[PDB]
Amino acid sequence: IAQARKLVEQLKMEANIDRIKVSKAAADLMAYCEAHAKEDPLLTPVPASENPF
Amino acid sequence: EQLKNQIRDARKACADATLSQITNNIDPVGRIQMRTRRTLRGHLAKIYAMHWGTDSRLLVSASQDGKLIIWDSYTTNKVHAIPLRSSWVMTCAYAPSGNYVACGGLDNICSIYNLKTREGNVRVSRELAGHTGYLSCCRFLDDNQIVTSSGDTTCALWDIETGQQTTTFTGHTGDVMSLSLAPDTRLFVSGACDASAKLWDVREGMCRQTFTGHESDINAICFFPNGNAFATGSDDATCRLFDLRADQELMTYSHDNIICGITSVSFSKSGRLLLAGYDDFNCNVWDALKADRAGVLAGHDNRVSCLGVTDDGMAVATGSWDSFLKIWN
Amino acid sequence: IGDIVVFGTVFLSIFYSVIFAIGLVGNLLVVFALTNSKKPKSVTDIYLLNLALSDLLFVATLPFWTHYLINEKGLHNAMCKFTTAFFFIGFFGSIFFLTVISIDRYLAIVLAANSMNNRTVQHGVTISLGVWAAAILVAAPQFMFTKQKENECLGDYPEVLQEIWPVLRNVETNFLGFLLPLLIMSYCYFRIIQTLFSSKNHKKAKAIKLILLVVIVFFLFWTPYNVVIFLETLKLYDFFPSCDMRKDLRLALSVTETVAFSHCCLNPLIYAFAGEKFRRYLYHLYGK
Amino acid sequence: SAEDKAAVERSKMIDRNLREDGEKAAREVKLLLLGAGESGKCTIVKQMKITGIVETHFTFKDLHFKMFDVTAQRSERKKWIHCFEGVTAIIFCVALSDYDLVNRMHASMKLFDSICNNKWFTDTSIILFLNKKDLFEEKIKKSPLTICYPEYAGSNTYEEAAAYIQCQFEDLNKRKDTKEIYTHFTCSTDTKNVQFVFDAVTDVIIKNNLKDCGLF
Ligand SMILES: CC(C)CCC[C@@H](C)[C@H]1CC[C@H]2[C@@H]3CC=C4C[C@@H](O)CC[C@]4(C)[C@H]3CC[C@]12C
Ligand SMILES: CC(C)CCC[C@@H](C)[C@H]1CC[C@H]2[C@@H]3CC=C4C[C@@H](O)CC[C@]4(C)[C@H]3CC[C@]12C
Ligand SMILES: CC(C)CCC[C@@H](C)[C@H]1CC[C@H]2[C@@H]3CC=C4C[C@@H](O)CC[C@]4(C)[C@H]3CC[C@]12C
């Protein structure tokens, strides 16, 4: 099958990409969240003086 | 299935610690209050999509009445009224420069309109034709390049000047429902009606990675503010967060009480707070890290179809089928 | 023929008080039900809201009658003009809006394609303003020549007008009550019934039956007032041979007012047992 | 505050334009076209006056109708059929001579069952059209129809076969109080078909007007 042969090459690219530990990715995500936590009006409520809504 | 086991083994090998265990040290956000600061009124049909503006004041919404109007969120009034040739619109996009607006739908063509660039009037700029399926989603890559997803399992990138497809992504299996743009404006991820959501490369035009785990069709998807992760909203009452590096669902957001599917998924400015627009007439607010409910948004009468978060996080706009748009915070 | 007033003033005042309470509660519930959700309201919904507003006008003008009955203080000519104006504009608005509901149902059922094609059908707000303006204009002559004489405010017409003004007013109000609206409603509902039976929608036409029942209740409870108005018109036209009518007319007017206020209070009670969604809304409201 | 006043008045004028446009759209009649492999029976009329969705406009008895064919939409039906909620009626086309062809009748009945029992079109009625009647006249003679239905137990004539097909299609409703299915047989002339469409639309409008009140 032409489609089956083409799909074989597609899976090779996905399998050959570099993959890191899930713990490191989660730690990076948490670090980014804490980095911008003070700049999030949803997470940190903003006074109505600076709130334009 | 030799390749199927290789990717599965790599995910298992890279699996070291779940996000829930790591988030034990951090303090839960807890319950927070959602209040409608203002309500946008004037639509007479179900609202299916909306997009926030880069100016954080102007937003555009799409409704089944054939009108694609732009709302001024600061002063609570409409600034433009764009009639649509086809009343069946299911997606809309707002250009980052603010001079362009897009809308798709069941007409299989993506229309581009000039947002009062000259002469103080709105007119059709380009009609992107070449899709054999309904435009499920569309997003402006640049002021001249736009990437859209259609109902024919294929995603295409369009150029306004040429009017043709610069590249086409046909690696999907199920019907694509939505796509999101990474902040770096170099990658985009799209979810399909199958169980696999796969990342795409703008320059390469090939499927770099594929993510699985959902038990039903994926309806919404949105990149995380960092740009190395994204969340998927499916009909299996489960929101799964996927990391572009871990290549696995490091965090799942499924609650027994809410068994309904997810229609819209959006992230806050920091990404700690994740908002998902469910179709149980509400829009549950989750926490990306703690993977638990952080707020309740029950200000809509009909099912929530679209949900948008402002770029600076100033306010959150939620749309639903009741032809009403409400701005939160 | 002979009639004697045997109605206790304290019992009648208590009756008006309980009528006020029931009517206020019913009108508030109806208005809340018709403005409960953010979804667009149908034209019939705004017509029912206008009818509830007319009933609210009735329950707001009856306190003046109670003040005459028991308080007997502050009974000025201006206040009599105020209360008579409210009562008559409420009655005229009620009858006119019921006629408009009948016409709207006739268009929606019989000339459904024509009604949908017409754009003025959906524009119910301008129709409501026009109906209110017409009711105010037609009730304007009903109270603009009244004053108080001997603890009973009536008459006080100019000598030139008094020859024909009272009889003309009575015949005009009797006509605009039960001559044109009666025939119009009868024809409209007859056509609606014919269409429903021909198209076999009678098993699901609960709203039409409810509106017809409300119209019938209104007509039966307002019939004595128009009958005594016609008797007064005949008496002024010396066509009535009996002499005891000149004595029993006051009691007839009093009892017609009482039955009219009873109709006003029980008007939105019909929507409770007969209206499935209204009853469902009451359960939701009682939960809060 | 001149700029604010100008913005406010522009917003009010475009809001009133949107309101009048929505009222005009509501004055129109929206119809949805469906079918497993049969289409064009209603679009071939001469009354029509005006890509995945094709919009056809035709005026009959001073009433404007809008048809939306979905044949070009080959994607998943459930992902976009919700956009058609609120249509006055749905036109479903079935070929009477599809029983022998391949299973086609079974597929059409399955599609009809899926559309009717989709918990999104419960209030809206369905107009059923049975086309290819002229060819079915000889098809029922040539094909005994017993192979299609093992438990048919009926006469091998056109009338009995058509009645059985109509009954089988009606049995897939399971919601008779909420919606009513109108069944018609396609004729040589389009006048009968357009008259049936107008009658069904008028009946649907009457039914909606019966429940328009939000207080009864
Ligand atoms: C003696 C008279 C002139 C004074 C009192 C008149 C009052 C009772 C009448 C006159 C006109 C009426 C209004 C006319 C039309 C509308 C629009 C409708 O959608 C809701 C009710 C509303 C808002 C009516 C409410 C009551 C109203 C204000
Ligand atoms: C003589 C008795 C029976 C009349 C009772 C019904 C009257 C009050 C109703 C019936 C239909 C109504 C009209 C219907 C249409 C409109 C058009 C609108 O833009 C302004 C008001 C206007 C002109 C309405 C005014 C009042 C009206 C004439
Ligand atoms: C202007 C003149 C000609 C109007 C005449 C009014 C007559 C014809 C109409 C007005 C109301 C109508 C009735 C309303 C209610 C029903 C109940 C239904 O189950 C049988 C018919 C019946 C009993 C109708 C028969 C005819 C009817 C009495």
Side-chain angles (χ1 to χ4, degrees), chain C residues 15-31 33-36 42-63 65-67 82-102 104 124 127-129 131-136 138-139 142-143 173 176-178 181 185 207 210-226 255-275 277-279 281-282 285, chain D residues 213-216:
Chain C
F15 186 75
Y16 282 170
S17 83
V18 71
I19 294 310
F20 173 101
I22 294 155
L24 200 68
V25 165
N27 285 127
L28 265 294
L29 292 174
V30 160
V31 175
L34 294 166
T35 59
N36 50 4
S42 72
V43 191
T44 313
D45 277 14
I46 77 173
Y47 289 159
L48 293 194
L49 188 153
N50 286 302
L51 193 57
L53 288 193
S54 295
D55 289 345
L56 272 180
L57 259 65
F58 282 165
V59 309
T61 191
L62 63 84
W65 293 94
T66 66
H67 273 290
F82 209 62
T83 182
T84 318
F86 271 97
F87 170 78
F88 266 60
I89 71 168
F91 160 68
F92 271 111
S94 179
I95 181 57
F96 284 179
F97 272 116
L98 277 186
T99 307
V100 170
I101 296 177
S102 306
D104 186 6
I127 296 182
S128 166
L129 282 72
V131 167
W132 273 114
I136 289 173
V138 74
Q142 283 294 321
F143 64 90
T173 186
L176 269 297
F178 292 168
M185 293 180 183
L210 180 140
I211 303 298
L212 183 63
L213 169 60
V214 169
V215 166
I216 289 300
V217 162
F218 167 88
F219 271 126
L220 271 295
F221 292 166
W222 274 90
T223 301
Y225 183 76
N226 276 276
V255 298
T256 53
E257 292 289 330
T258 59
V259 304
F261 279 117
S262 71
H263 158 63
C264 177
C265 74
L266 62 80
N267 176 44
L269 296 198
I270 307 175
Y271 300 168
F273 54 89
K277 65 179 73 174
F278 191 41
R279 200 201 325 260
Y281 171 74
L282 290 181
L285 188 58
Chain D
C213 178
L215 198 57
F216 86 100

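Sequence lines set the chain letters: A, B, ... in the order given, protein chains first and strands last, and positions in each chain run from 1.
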_Whether the side chain of C:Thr83 engages the backbone of C:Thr61 through a donor-acceptor N/O pair (distance < 3.5 Å, no angle test) should be reported._
yes
_Smallest separation among heavy atoms of D:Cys213 and C:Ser42, with atom names_ = CA-OG, 4.0 Å
*Sub-3.5 Å donor-acceptor pair from the side chain of C:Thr35 to the main-chain atoms of C:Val31, do we have one?*
yes
*Please lay out, stage by stage, how C:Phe91 and C:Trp222 fare under the test side chain to side chain contact (heavy atoms under 4.5 Å, CB included).*
CA-CA 10 Å; C:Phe91 160 68; C:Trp222 274 90; 3.5 Å; yes
*Report yes if some heavy atom in the side chain of C:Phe221 is under 4.5 Å from a heavy atom in the side chain of C:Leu266; otherwise report no.*
yes
_Check: C:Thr223 and C:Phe178 side chains under 4.5 Å, non-hydrogen atoms_ = yes
*Does the side chain of C:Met185 come within less than 4.5 Å of C:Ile95's, by heavy atoms?*
yes
_Side-chain heavy atoms of C:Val30 within contact of C:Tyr271, under 4.5 Å_ = yes
_Main-chain N/O of C:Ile101 paired with C:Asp104 side-chain donor or acceptor, under 3.5 Å_ = no
*Give a yes or no answer on whether the side chain of C:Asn27 reaches the backbone of C:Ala52 with a donor-acceptor pair at less than 3.5 Å.*
yes
*Do you know which two heavy atoms are closest between C:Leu210 and C:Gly275, and how far apart they sit?*
CD1-N, 4.1 Å
*Does the ring centre of C:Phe87 sit less than 6.0 Å away from the ring centre of C:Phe58?*
yes
*Give a yes or no on whether the ring-centroid distance for C:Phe143 and C:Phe88 is below 6.0 angstrom.*
no
*Rounded to the nearest 0.5 Å, what separation is found between the CG atom of C:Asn50 and the CG atom of C:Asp55?*
11.0 Å
*Is the shortest heavy-atom distance from the side chain of C:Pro181 to the side chain of C:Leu98 under 4.5 Å?*
no
*asked:* I'd like to know whether C:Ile127 forms a side chain to side chain contact (heavy atoms under 4.5 Å, CB included) with C:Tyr47, so could you lay out the CA-CA distance, the side-chain angles of the two residues, the decisive distance to 0.1 Å, and finally the verdict.
replied: CA-CA 9 Å; C:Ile127 296 182; C:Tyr47 289 159; 3.3 Å; yes
_To the nearest 0.5 Å, what is the distance between OG1 on C:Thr44 and CG on C:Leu51?_
12.0 Å
*State, yes or no, whether a side-chain contact exists between C:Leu24 and C:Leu56 at a heavy-atom distance under 4.5 Å.*
yes
_What verdict does the ring pair (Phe, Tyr, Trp, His ring centres under 6.0 Å) test give for C:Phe86 and C:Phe82, after you've listed the backbone C-alpha separation in whole Å, the side-chain angles of each residue and the deciding distance to 0.1 Å?_
CA-CA 6 Å; C:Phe86 271 97; C:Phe82 209 62; 4.8 Å; yes
*asked:* Taking the ring of C:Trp132 and the ring of C:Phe96, is the distance between their centroids below 6.0 Å?
replied: no
_Side-chain heavy-atom pair C:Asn226, C:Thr173 within 4.5 angstrom cut-off_ = no
*So C:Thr66 and C:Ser17, side chain to side chain contact (heavy atoms under 4.5 Å, CB included) or not? Walk me through it.*
CA-CA 8 Å; C:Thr66 66; C:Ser17 83; over 6 Å; no
*C:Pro268 and C:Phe278: which non-hydrogen atoms are nearest, and at how many Å?*
O-CE2, 4.0 Å
*Can you see which heavy atom on C:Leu269 is nearest to which on C:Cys265, and at what distance?*
CG-O, 3.8 Å
_C:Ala135 versus C:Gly93, closest heavy-atom pair with distance_ = CB-N, 3.8 Å
*Going from CZ on C:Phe218 to CG on C:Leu220, what distance comes out if it is rounded to the nearest 0.5 angstrom?*
11.0 Å
*With rounding to the nearest 0.5 Å, note down the distance linking CG in C:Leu49 to CG in D:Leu215.*
9.5 Å
_Rounded distance (nearest 0.5 Å) linking atom CD1 of C:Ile19 with atom CH2 of C:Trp65_ = 15.5 Å
_Whether C:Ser94 side chain and C:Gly90 backbone form a donor-acceptor pair below 3.5 Å_ = no
*Do C:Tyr225 and C:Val259 come close enough that some side-chain heavy atom pair is under 4.5 Å?*
no
*Drop me the distance from C:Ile89's CD1 to C:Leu57's CG, to the nearest 0.5 angstrom.*
5.0 Å
*Shortest non-hydrogen contact from C:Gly124 to C:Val43?*
CA-CG1, 3.9 Å
*Can you check whether C:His263's main-chain N or O pairs, donor with acceptor, with C:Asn267's side chain at less than 3.5 Å?*
no
